$ cat upload-v2.cif   # mmCIF, C-alpha atoms
data_protein
loop_
_atom_site.label_atom_id
_atom_site.label_comp_id
_atom_site.auth_asym_id
_atom_site.auth_seq_id
_atom_site.Cartn_x
_atom_site.Cartn_y
_atom_site.Cartn_z
CA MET P 1 -20.79 -12.45 -73.00
CA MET P 2 -20.65 -15.90 -74.58
CA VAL P 3 -19.66 -16.70 -78.17
CA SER P 4 -20.53 -20.14 -79.59
CA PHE P 5 -19.70 -22.23 -82.65
CA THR P 6 -20.12 -25.83 -83.73
CA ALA P 7 -17.12 -28.15 -83.93
CA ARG P 8 -16.51 -31.84 -84.50
CA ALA P 9 -14.33 -33.84 -82.12
CA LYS P 10 -11.50 -35.38 -84.12
CA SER P 11 -10.59 -37.58 -81.15
CA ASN P 12 -12.17 -38.17 -77.77
CA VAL P 13 -12.28 -35.00 -75.66
CA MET P 14 -12.63 -35.09 -71.89
CA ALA P 15 -14.03 -32.31 -69.76
CA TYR P 16 -11.58 -29.80 -68.25
CA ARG P 17 -8.86 -30.59 -70.79
CA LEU P 18 -7.00 -28.09 -72.93
CA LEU P 19 -8.09 -27.94 -76.57
CA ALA P 20 -6.51 -27.34 -79.97
CA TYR P 21 -8.60 -26.11 -82.89
CA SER P 22 -7.79 -27.63 -86.26
CA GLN P 23 -8.99 -27.55 -89.85
CA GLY P 24 -11.46 -30.32 -90.65
CA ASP P 25 -13.75 -30.89 -93.62
CA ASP P 26 -16.00 -27.79 -93.80
CA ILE P 27 -15.80 -27.65 -89.98
CA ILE P 28 -13.41 -26.86 -87.15
CA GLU P 29 -12.21 -29.96 -85.34
CA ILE P 30 -11.27 -30.03 -81.67
CA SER P 31 -8.93 -32.38 -79.84
CA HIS P 32 -6.73 -32.32 -76.77
CA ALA P 33 -3.97 -29.76 -77.13
CA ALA P 34 -0.61 -31.39 -77.79
CA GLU P 35 1.97 -31.65 -75.01
CA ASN P 36 4.16 -28.53 -74.53
CA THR P 37 2.01 -26.39 -76.87
CA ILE P 38 -0.09 -23.29 -76.22
CA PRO P 39 -3.76 -24.37 -76.13
CA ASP P 40 -6.44 -22.63 -78.14
CA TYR P 41 -9.18 -23.09 -75.53
CA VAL P 42 -10.45 -25.49 -72.84
CA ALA P 43 -13.25 -28.06 -72.76
CA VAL P 44 -16.04 -27.97 -70.21
CA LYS P 45 -17.75 -31.13 -71.44
CA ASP P 46 -16.84 -34.57 -72.73
CA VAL P 47 -17.22 -35.18 -76.49
CA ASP P 48 -16.88 -38.52 -78.26
CA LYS P 49 -14.69 -38.80 -81.36
CA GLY P 50 -16.55 -37.77 -84.50
CA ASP P 51 -19.46 -36.16 -82.65
CA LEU P 52 -20.62 -32.61 -83.08
CA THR P 53 -20.44 -30.27 -80.12
CA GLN P 54 -21.23 -26.65 -79.34
CA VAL P 55 -18.09 -24.84 -78.15
CA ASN P 56 -18.98 -21.94 -75.85
CA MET P 57 -16.19 -19.42 -75.38
CA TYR P 58 -16.15 -16.94 -72.49
CA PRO P 59 -14.01 -13.91 -71.54
CA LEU P 60 -10.48 -14.88 -70.55
CA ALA P 61 -9.22 -14.67 -67.00
CA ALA P 62 -9.01 -18.07 -65.29
CA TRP P 63 -9.49 -21.66 -66.49
CA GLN P 64 -10.22 -24.91 -64.67
CA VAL P 65 -8.00 -27.72 -65.99
CA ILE P 66 -7.15 -31.25 -64.85
CA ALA P 67 -3.61 -31.45 -63.47
CA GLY P 68 -1.34 -33.89 -65.28
CA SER P 69 1.02 -33.99 -62.28
CA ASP P 70 1.31 -32.33 -58.87
CA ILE P 71 0.94 -28.56 -59.14
CA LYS P 72 1.95 -26.05 -56.46
CA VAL P 73 0.46 -22.58 -56.07
CA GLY P 74 2.42 -20.24 -58.32
CA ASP P 75 3.72 -22.87 -60.76
CA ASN P 76 3.93 -21.81 -64.38
CA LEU P 77 1.92 -24.19 -66.53
CA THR P 78 1.96 -25.73 -70.02
CA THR P 79 0.06 -28.55 -71.71
CA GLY P 80 0.90 -32.06 -70.48
CA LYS P 81 -0.36 -35.45 -71.64
CA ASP P 82 -4.01 -35.85 -72.75
CA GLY P 83 -4.67 -32.10 -72.56
CA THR P 84 -3.89 -31.78 -68.87
CA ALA P 85 -1.95 -28.90 -67.34
CA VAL P 86 1.53 -29.47 -65.88
CA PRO P 87 4.37 -27.37 -64.46
CA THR P 88 7.12 -26.16 -66.76
CA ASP P 89 9.95 -23.65 -66.76
CA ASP P 90 10.22 -23.17 -70.55
CA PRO P 91 8.94 -19.60 -71.03
CA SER P 92 7.98 -20.25 -74.66
CA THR P 93 5.37 -22.87 -73.63
CA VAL P 94 3.82 -21.21 -70.58
CA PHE P 95 0.17 -20.24 -70.95
CA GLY P 96 -0.74 -19.55 -67.33
CA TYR P 97 0.10 -19.91 -63.68
CA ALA P 98 -1.57 -21.85 -60.90
CA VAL P 99 -3.39 -20.02 -58.11
CA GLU P 100 -4.60 -23.21 -56.43
CA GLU P 101 -2.75 -26.37 -55.42
CA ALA P 102 -3.67 -29.58 -57.22
CA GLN P 103 -2.48 -33.16 -57.11
CA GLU P 104 -2.38 -35.17 -60.34
CA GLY P 105 -5.95 -35.72 -61.51
CA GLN P 106 -7.42 -32.82 -59.53
CA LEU P 107 -8.86 -29.65 -61.07
CA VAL P 108 -6.36 -26.76 -60.99
CA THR P 109 -7.45 -23.14 -61.32
CA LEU P 110 -4.96 -21.15 -63.39
CA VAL P 111 -4.70 -17.55 -64.54
CA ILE P 112 -4.13 -17.21 -68.27
CA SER P 113 -0.83 -15.42 -68.90
CA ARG P 114 1.95 -15.90 -71.44
CA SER P 115 4.53 -14.49 -68.98
CA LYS P 116 6.04 -16.57 -66.17
CA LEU P 117 5.62 -15.80 -62.49
CA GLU P 118 8.90 -14.89 -60.82
CA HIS P 119 9.90 -17.67 -58.42
CA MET B 1 -16.98 -6.16 -62.25
CA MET B 2 -16.29 -4.22 -65.46
CA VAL B 3 -13.93 -1.35 -66.24
CA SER B 4 -15.61 0.89 -68.83
CA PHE B 5 -14.57 4.04 -70.65
CA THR B 6 -16.31 6.74 -72.65
CA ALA B 7 -15.53 6.96 -76.37
CA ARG B 8 -16.69 9.25 -79.16
CA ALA B 9 -17.44 8.07 -82.69
CA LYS B 10 -15.01 9.74 -85.12
CA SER B 11 -17.42 8.71 -87.89
CA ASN B 12 -20.60 6.64 -88.10
CA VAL B 13 -20.13 3.21 -86.49
CA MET B 14 -22.37 0.16 -86.97
CA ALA B 15 -22.98 -2.70 -84.56
CA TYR B 16 -20.79 -5.80 -85.11
CA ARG B 17 -18.19 -3.98 -87.18
CA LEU B 18 -14.50 -3.89 -86.37
CA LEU B 19 -13.28 -0.81 -84.54
CA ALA B 20 -10.04 1.13 -84.25
CA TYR B 21 -9.25 3.41 -81.30
CA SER B 22 -7.60 6.75 -81.92
CA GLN B 23 -6.50 9.68 -79.81
CA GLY B 24 -8.76 12.70 -79.42
CA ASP B 25 -8.76 15.83 -77.28
CA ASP B 26 -9.77 14.47 -73.84
CA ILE B 27 -11.55 11.52 -75.48
CA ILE B 28 -10.62 8.24 -77.08
CA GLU B 29 -12.33 8.01 -80.46
CA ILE B 30 -13.71 4.98 -82.28
CA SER B 31 -14.31 4.35 -85.97
CA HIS B 32 -14.49 1.37 -88.29
CA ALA B 33 -11.03 -0.15 -88.57
CA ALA B 34 -9.49 0.58 -91.95
CA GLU B 35 -9.22 -1.97 -94.73
CA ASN B 36 -6.35 -4.45 -94.16
CA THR B 37 -5.52 -3.09 -90.67
CA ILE B 38 -5.46 -4.94 -87.35
CA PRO B 39 -8.59 -3.95 -85.39
CA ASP B 40 -8.78 -3.12 -81.69
CA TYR B 41 -12.32 -4.28 -80.85
CA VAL B 42 -15.87 -4.73 -82.18
CA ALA B 43 -18.87 -2.42 -81.86
CA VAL B 44 -21.88 -3.60 -79.87
CA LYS B 45 -24.27 -0.84 -81.04
CA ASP B 46 -24.54 1.82 -83.73
CA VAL B 47 -22.88 5.13 -82.79
CA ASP B 48 -23.45 8.22 -84.92
CA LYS B 49 -20.49 10.44 -85.75
CA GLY B 50 -19.94 12.81 -82.85
CA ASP B 51 -21.97 10.83 -80.31
CA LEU B 52 -20.63 9.20 -77.16
CA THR B 53 -20.82 5.59 -76.05
CA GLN B 54 -19.65 3.53 -73.08
CA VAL B 55 -17.19 0.85 -74.20
CA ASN B 56 -17.30 -2.33 -72.08
CA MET B 57 -14.27 -4.17 -73.38
CA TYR B 58 -13.76 -7.90 -72.63
CA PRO B 59 -10.58 -9.96 -73.14
CA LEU B 60 -11.83 -12.56 -75.62
CA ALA B 61 -10.33 -15.38 -77.61
CA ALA B 62 -13.20 -15.25 -80.13
CA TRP B 63 -15.12 -12.43 -81.78
CA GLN B 64 -18.26 -12.20 -83.91
CA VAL B 65 -18.14 -9.77 -86.86
CA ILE B 66 -20.23 -9.11 -89.97
CA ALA B 67 -18.68 -10.85 -93.00
CA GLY B 68 -17.73 -8.54 -95.88
CA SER B 69 -17.64 -11.39 -98.39
CA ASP B 70 -18.07 -15.13 -98.37
CA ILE B 71 -15.93 -16.84 -95.73
CA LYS B 72 -15.01 -20.52 -95.36
CA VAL B 73 -14.06 -22.29 -92.15
CA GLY B 74 -10.38 -21.74 -91.41
CA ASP B 75 -9.99 -18.66 -93.65
CA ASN B 76 -7.53 -16.13 -92.29
CA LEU B 77 -9.32 -12.83 -91.83
CA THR B 78 -8.46 -9.14 -92.04
CA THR B 79 -10.55 -5.98 -92.09
CA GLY B 80 -12.64 -5.39 -95.21
CA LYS B 81 -14.80 -2.42 -96.17
CA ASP B 82 -17.00 -0.72 -93.54
CA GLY B 83 -15.40 -2.61 -90.67
CA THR B 84 -16.38 -6.03 -91.97
CA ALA B 85 -14.22 -9.17 -91.84
CA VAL B 86 -12.91 -10.74 -95.09
CA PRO B 87 -10.41 -13.42 -96.07
CA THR B 88 -6.88 -12.40 -96.99
CA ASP B 89 -3.71 -13.97 -98.35
CA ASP B 90 -1.43 -11.42 -96.65
CA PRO B 91 -0.26 -12.82 -93.28
CA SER B 92 0.81 -9.46 -91.84
CA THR B 93 -2.80 -8.18 -91.97
CA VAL B 94 -4.46 -11.23 -90.35
CA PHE B 95 -6.11 -10.79 -86.95
CA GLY B 96 -7.97 -14.13 -86.69
CA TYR B 97 -9.36 -17.16 -88.50
CA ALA B 98 -12.97 -18.11 -89.16
CA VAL B 99 -14.41 -21.00 -87.17
CA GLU B 100 -17.56 -21.20 -89.27
CA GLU B 101 -18.78 -20.47 -92.77
CA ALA B 102 -20.44 -17.14 -93.51
CA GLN B 103 -21.95 -15.44 -96.54
CA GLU B 104 -21.48 -11.71 -97.10
CA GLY B 105 -23.55 -9.78 -94.54
CA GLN B 106 -23.82 -12.76 -92.15
CA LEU B 107 -22.29 -12.75 -88.70
CA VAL B 108 -19.12 -14.85 -88.60
CA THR B 109 -17.39 -16.23 -85.54
CA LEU B 110 -13.61 -16.05 -85.52
CA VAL B 111 -10.73 -16.89 -83.18
CA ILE B 112 -8.27 -14.04 -82.44
CA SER B 113 -4.46 -14.17 -82.66
CA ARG B 114 -3.76 -11.22 -80.30
CA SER B 115 -5.45 -12.41 -77.10
CA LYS B 116 -4.01 -13.28 -73.68
CA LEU B 117 -2.96 -16.54 -75.40
CA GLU B 118 -0.70 -14.94 -78.06
CA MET O 1 -14.29 -17.15 -65.42
CA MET O 2 -13.07 -14.92 -62.62
CA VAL O 3 -10.86 -16.43 -59.93
CA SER O 4 -10.57 -15.63 -56.23
CA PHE O 5 -7.49 -16.59 -54.24
CA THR O 6 -5.80 -15.65 -50.97
CA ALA O 7 -2.44 -13.90 -51.36
CA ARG O 8 0.20 -12.53 -48.97
CA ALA O 9 1.52 -9.00 -49.28
CA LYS O 10 5.31 -9.10 -49.54
CA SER O 11 5.42 -5.30 -49.08
CA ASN O 12 2.93 -2.55 -48.30
CA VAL O 13 0.40 -2.21 -51.13
CA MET O 14 -1.95 0.71 -51.81
CA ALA O 15 -5.31 0.86 -53.56
CA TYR O 16 -5.26 1.22 -57.37
CA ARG O 17 -1.51 0.61 -57.68
CA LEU O 18 0.01 -1.86 -60.13
CA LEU O 19 0.82 -5.27 -58.65
CA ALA O 20 3.43 -7.90 -59.38
CA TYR O 21 2.77 -11.51 -58.39
CA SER O 22 5.51 -13.82 -57.19
CA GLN O 23 5.62 -17.40 -55.95
CA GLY O 24 5.81 -17.66 -52.18
CA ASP O 25 5.61 -20.67 -49.88
CA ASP O 26 2.59 -22.34 -51.51
CA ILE O 27 0.94 -18.94 -51.85
CA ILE O 28 0.97 -16.07 -54.29
CA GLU O 29 2.79 -13.02 -52.94
CA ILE O 30 1.91 -9.51 -54.09
CA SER O 31 3.79 -6.21 -54.09
CA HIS O 32 3.88 -3.06 -56.17
CA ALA O 33 5.13 -3.78 -59.67
CA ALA O 34 8.67 -2.48 -60.17
CA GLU O 35 9.35 0.53 -62.38
CA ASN O 36 9.35 -0.25 -66.13
CA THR O 37 7.97 -3.78 -65.64
CA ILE O 38 4.78 -5.39 -66.93
CA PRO O 39 2.31 -5.67 -64.02
CA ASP O 40 0.15 -8.70 -63.34
CA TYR O 41 -2.88 -6.94 -61.81
CA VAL O 42 -4.05 -3.88 -59.84
CA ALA O 43 -4.85 -3.55 -56.15
CA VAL O 44 -8.34 -2.51 -55.10
CA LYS O 45 -7.50 -1.88 -51.43
CA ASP O 46 -4.57 -1.13 -49.14
CA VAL O 47 -2.81 -4.26 -47.78
CA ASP O 48 -0.15 -4.16 -45.07
CA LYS O 49 3.11 -6.06 -45.43
CA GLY O 50 2.71 -9.61 -44.14
CA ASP O 51 -1.11 -9.68 -44.23
CA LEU O 52 -3.22 -12.17 -46.14
CA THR O 53 -5.69 -10.67 -48.58
CA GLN O 54 -8.42 -11.94 -50.91
CA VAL O 55 -7.60 -11.18 -54.58
CA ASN O 56 -10.49 -11.26 -57.06
CA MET O 57 -9.34 -11.27 -60.68
CA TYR O 58 -11.99 -10.48 -63.28
CA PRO O 59 -11.80 -10.74 -67.08
CA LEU O 60 -10.86 -7.13 -67.80
CA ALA O 61 -9.51 -5.56 -70.96
CA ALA O 62 -9.15 -2.17 -69.24
CA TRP O 63 -7.77 -1.13 -65.83
CA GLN O 64 -8.06 1.88 -63.52
CA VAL O 65 -4.67 2.87 -62.01
CA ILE O 66 -3.16 5.81 -60.11
CA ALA O 67 -1.29 8.14 -62.47
CA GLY O 68 2.35 8.75 -61.53
CA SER O 69 2.48 11.91 -63.65
CA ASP O 70 0.16 13.83 -65.99
CA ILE O 71 -1.40 11.46 -68.53
CA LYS O 72 -3.19 12.40 -71.76
CA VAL O 73 -5.50 10.25 -73.90
CA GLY O 74 -3.45 7.90 -76.05
CA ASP O 75 -0.29 7.93 -73.90
CA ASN O 76 1.44 4.56 -73.87
CA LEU O 77 1.97 3.53 -70.25
CA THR O 78 4.54 1.64 -68.19
CA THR O 79 5.05 1.17 -64.46
CA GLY O 80 6.35 4.25 -62.65
CA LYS O 81 7.30 4.66 -59.02
CA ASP O 82 5.33 3.09 -56.14
CA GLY O 83 3.15 1.11 -58.53
CA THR O 84 1.83 4.07 -60.52
CA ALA O 85 1.31 4.33 -64.29
CA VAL O 86 3.39 6.82 -66.30
CA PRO O 87 3.81 7.63 -70.00
CA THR O 88 6.70 5.96 -71.79
CA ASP O 89 8.27 5.76 -75.23
CA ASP O 90 10.01 2.41 -74.69
CA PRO O 91 7.99 -0.26 -76.53
CA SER O 92 9.51 -3.06 -74.44
CA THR O 93 7.99 -1.59 -71.25
CA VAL O 94 4.47 -0.68 -72.43
CA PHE O 95 1.61 -2.57 -70.78
CA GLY O 96 -1.30 -0.44 -72.04
CA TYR O 97 -2.41 2.96 -73.25
CA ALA O 98 -4.56 5.67 -71.70
CA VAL O 99 -8.16 6.12 -72.81
CA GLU O 100 -8.84 9.01 -70.41
CA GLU O 101 -6.78 11.93 -69.14
CA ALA O 102 -5.47 12.06 -65.61
CA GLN O 103 -3.40 14.46 -63.60
CA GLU O 104 -0.68 12.98 -61.43
CA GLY O 105 -2.29 11.21 -58.48
CA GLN O 106 -5.71 10.75 -60.09
CA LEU O 107 -7.12 7.55 -61.53
CA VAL O 108 -6.50 6.92 -65.23
CA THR O 109 -8.33 4.30 -67.28
CA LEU O 110 -6.17 2.33 -69.71
CA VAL O 111 -6.64 -0.47 -72.25
CA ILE O 112 -4.29 -3.41 -71.67
CA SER O 113 -1.87 -3.85 -74.55
CA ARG O 114 1.74 -4.89 -75.11
CA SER O 115 1.61 -2.75 -78.28
CA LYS O 116 1.49 1.04 -78.37
CA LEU O 117 -1.71 2.64 -79.61
CA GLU O 118 -1.31 2.87 -83.41
#
$ encode --input "upload-v2.cif" --output "structure tokens"
Amino acid sequence: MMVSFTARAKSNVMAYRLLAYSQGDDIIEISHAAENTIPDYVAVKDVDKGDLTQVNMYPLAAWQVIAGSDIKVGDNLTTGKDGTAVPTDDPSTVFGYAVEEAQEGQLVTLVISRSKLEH
Amino acid sequence: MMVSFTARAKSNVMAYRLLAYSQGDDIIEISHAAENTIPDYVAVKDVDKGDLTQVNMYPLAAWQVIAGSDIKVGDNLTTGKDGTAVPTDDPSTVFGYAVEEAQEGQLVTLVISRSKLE
Amino acid sequence: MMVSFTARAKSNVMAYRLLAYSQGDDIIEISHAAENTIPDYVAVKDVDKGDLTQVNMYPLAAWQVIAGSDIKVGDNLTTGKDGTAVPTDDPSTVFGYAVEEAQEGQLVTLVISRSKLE
């Protein structure tokens, strides 16, 4: 159950980083989601600025994202720098919670959820 | 692993049209979502009025629907006629935005507002 | 994609009951969701208090859950007692709506939704 569309990278996109969709010229542009925002989707490949890319979207349950800092199992997560995922406690910016442990730079597996886990 | 349910078409349903769920006697019913309403899902096959179907619903951030008129990238979309997707200027009726161009009758891909990301 | 992780039961958990997740000591802890709360998932097997268990979470838009009382198609559902699903009128507590009927104690199928049907 995959749905695909073509996009243009408006800035360099690295694999396993959170993505924002934006209005380009006759095309959707993708870029790393901004810090402390709710992402639109997640990248699974690296795209160079200005290149076309096929964005394949899958049913939502869990995402694999690079950790922007140390993440503990059960942390609530928001967007960090460069489209990474980082812990937060601001409920209005949470988009998921970690179910694996990850040091900064490692791939974290998170469950998509706009509600925080009770700590 | 998928959790399915039986549904009955309240009226004739066409593949890749927007659907609304409604209560029936011992059956959830499906029909094309009404003009300018927020849809519940999208049909995968034709279902004649009165016939049953197994709904295999996925939580998606993007849908593919038949365009009811010409659509430009980024247009905000609501339900048109016969369960199609069309642009609108009324924010309270929008359920997603187009991520590609489509002419009337062409499949259009769109990104949903009311997903697990809302 | 689905995810599989190892959790610890904070309390006794029964098959097809609503679950709440909480943060434990570098592990997710599970227990029956509390009455009138929004659950995080549903158990597929009994788990004794203190035991580790393998949770497999799939991309599902519908769940199967034990009914806490008689449920009719279209009922908006919240968490009842002992992790069961019951009808409710409080919009703040709804987590889905029934798409099949179920007597108390049987399995009901529901579509996940923070909004009431219609």
$ atom_distance --input "upload-v2.cif" --atom1 "CA of residue 105 in chain O" --atom2 "CA of residue 52 in chain B"
26.3 Å
$ closest_residue --input "upload-v2.cif" --among "B:36, B:60, B:72, B:51" --to "residue 88 in chain B" --atoms "only C-alpha atoms"
B:36
$ residues_near_point --input "upload-v2.cif" --point "(11.6, -25.6, -67.0)" --cutoff "12 Å" --atoms "all atoms listed in the file" --output "PDB file with C-alpha atoms, keeping the file's coordinate frame"
ATOM      1  CA  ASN P  36       4.160 -28.530 -74.530  1.00  0.00           C
ATOM      2  CA  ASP P  75       3.720 -22.870 -60.760  1.00  0.00           C
ATOM      3  CA  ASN P  76       3.930 -21.810 -64.380  1.00  0.00           C
ATOM      4  CA  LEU P  77       1.920 -24.190 -66.530  1.00  0.00           C
ATOM      5  CA  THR P  78       1.960 -25.730 -70.020  1.00  0.00           C
ATOM      6  CA  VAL P  86       1.530 -29.470 -65.880  1.00  0.00           C
ATOM      7  CA  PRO P  87       4.370 -27.370 -64.460  1.00  0.00           C
ATOM      8  CA  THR P  88       7.120 -26.160 -66.760  1.00  0.00           C
ATOM      9  CA  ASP P  89       9.950 -23.650 -66.760  1.00  0.00           C
ATOM     10  CA  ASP P  90      10.220 -23.170 -70.550  1.00  0.00           C
ATOM     11  CA  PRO P  91       8.940 -19.600 -71.030  1.00  0.00           C
ATOM     12  CA  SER P  92       7.980 -20.250 -74.660  1.00  0.00           C
ATOM     13  CA  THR P  93       5.370 -22.870 -73.630  1.00  0.00           C
ATOM     14  CA  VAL P  94       3.820 -21.210 -70.580  1.00  0.00           C
ATOM     15  CA  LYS P 116       6.040 -16.570 -66.170  1.00  0.00           C
ATOM     16  CA  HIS P 119       9.900 -17.670 -58.420  1.00  0.00           C
TER      17      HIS P 119
END
$ resolve_selection --input "upload-v2.cif" --expression "the PyMOL selection byres ((chain O) within 7 of (chain B))" --output "list in words"
residues 58, 59, 60, 61, 62, 63, 73, 74, 99, 100 and 101 of chain O
$ resolve_selection --input "upload-v2.cif" --expression "the PyMOL selection byres ((chain P) within 12 of (chain B))" --output "MDAnalysis selection string"
chainID P and resid 1:8 20:30 37:42 54:62 78 92:96 111:115
$ atom_distance --input "upload-v2.cif" --atom1 "CA of residue 80 in chain O" --atom2 "CA of residue 42 in chain O"
13.5 Å
$ decode --input "upload-v2.cif" --residues "range 40-51 of chain O" --atoms "N, CA and C atoms" --output "short mmCIF file (atom, residue, chain, number, x, y, z; two decimals), in the first residue's frame"
data_model
loop_
_atom_site.label_atom_id
_atom_site.label_comp_id
_atom_site.auth_asym_id
_atom_site.auth_seq_id
_atom_site.Cartn_x
_atom_site.Cartn_y
_atom_site.Cartn_z
N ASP O 40 -3.36 3.66 23.90
CA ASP O 40 -2.25 3.66 22.96
C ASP O 40 -2.26 2.46 22.03
N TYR O 41 -2.73 1.30 22.49
CA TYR O 41 -2.78 0.11 21.64
C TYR O 41 -3.72 -0.90 22.28
N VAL O 42 -3.68 -2.14 21.79
CA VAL O 42 -4.54 -3.22 22.26
C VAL O 42 -3.69 -4.46 22.44
N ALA O 43 -3.92 -5.18 23.54
CA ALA O 43 -3.20 -6.42 23.78
C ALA O 43 -3.73 -7.52 22.88
N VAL O 44 -2.83 -8.42 22.47
CA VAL O 44 -3.21 -9.60 21.71
C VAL O 44 -3.06 -10.87 22.53
N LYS O 45 -2.56 -10.78 23.75
CA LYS O 45 -2.37 -11.96 24.59
C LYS O 45 -2.35 -11.50 26.04
N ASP O 46 -2.64 -12.45 26.94
CA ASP O 46 -2.50 -12.20 28.37
C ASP O 46 -1.02 -12.03 28.73
N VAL O 47 -0.72 -11.07 29.61
CA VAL O 47 0.63 -10.85 30.13
C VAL O 47 0.55 -10.64 31.64
N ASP O 48 1.32 -11.42 32.40
CA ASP O 48 1.31 -11.28 33.85
C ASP O 48 2.12 -10.07 34.30
N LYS O 49 1.66 -9.45 35.38
CA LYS O 49 2.41 -8.36 36.00
C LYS O 49 3.87 -8.73 36.19
N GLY O 50 4.77 -7.84 35.76
CA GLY O 50 6.19 -8.04 35.92
C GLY O 50 6.89 -8.71 34.75
N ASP O 51 6.15 -9.36 33.86
CA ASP O 51 6.75 -10.13 32.77
C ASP O 51 7.10 -9.24 31.58
#
